[PDB]
Every structure is written in C-alpha cells, then in structure tokens.
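Trainee: In the entry's author numbering, the protein residues as written are 925 to 954, 964 to 1016, 1020 to 1059.
For reference, the structure I am asking about is given below.
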C-alpha cells in the first residue's frame, strides 16, 4: 500500500502553469521596453521546457505504476492455477496469462530505457 498520488497534485500544478504560460505568452506577443519584452519571452519557453521535461518524467512514472498495479492483479491469477490436473483449457488460459506478463516486462523494459535514454541526453 502506497498513496503515491502526490505525483498527481504536481501534475495538475504543471498543467495549470502551462495553460497559464500558454496564455501569458500570448499577451506577451501582443524600443527599450522592446529589449525587455524580448528577454521575457525566451524566459517563458525555458520554463515550459522545464515543466514539460518534468511532466514527461512523471507520466513515465505514472505508466510504470499503472503496469505495476495490473501486474499484481494477475500474479494472483497465475498463482491460482499452479498453486493439479486441471482442464487443458485451464492450461491454455494460464498460457494466455503468461504471454501478457511478458508483454509487461517489455513495457517495463522500455519505460526504463526511456528514463535511461532521457537522463543520457542531459549529458
């Protein structure tokens, strides 16, 4: 048991901030004050990039938890069969449960390399 919904709050924080910045940037697009409205705009984008960067990382961490939940919920299901002489159909179904479990490892094998390939471009 782990209420990791603290990620969700920060998610809505960023969305609002972006939706704002989206708006704030528009009113910004509407000759010494020029050089100021110049710098400010590039300062909006670097915040967006940050926010989007963070946002992606969180969503990856959301998909990860997603598959982690729908992994235990079927680990029990597998344990039902193998934990005598069940109907051969009972064996085909067990077979279909396993092909799905591998489908998740591939997924977790991707999200991990998303995390890894993302921290690598930072260098």
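Yeah, the Cβ is synthetic: ideal placement off N, Cα and C, and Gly gets one too.
1. Confirm, please, whether the CB-CB distance from residue 977 to residue 949 is below 8 angstroms.
2. Pick from 932, 1031, 1038: whose alpha carbon is nearest that of residue 987?
3. Closer than 8 angstroms is the cut-off here; do at least three beta carbon pairs connect the stretch 933–943 with the stretch 1006–1015?
4. Would residue 1000 and residue 935 be called neighbours here (beta carbons separated by less than 8 angstroms)?
5. Over what stretch of residues does the alpha helix (DSSP H) that includes residue 936 continue unbroken?
6. Does the separation of the CB atoms of residue 998 and residue 1036 fall below 8 angstroms?
7. Straight-line CA distance for residue 1034 to residue 1009?
8. Is residue 1022 helix, strand or coil when you go by DSSP?
9. Run the proximity test for residue 932: is its beta-carbon closer than 7 angstroms to any non-hydrogen atom belonging to the ligand ADP?
10. Report the residue from 1043, 1022, 1005, 951 whose alpha carbon sits nearest the alpha carbon of residue 925.
Mentor: Well, looking at it:
1. yes
2. 932
3. Too few Cβ pairs lie closer than 8 angstroms, so no.
4. no
5. 930–953
6. no
7. 12 angstroms
8. coil
9. The ligand ADP is not among the ligands present in this structure, which contains no ligands whatsoever.
10. Looking at the Cα atoms, 1005 is the closest of the given residues.
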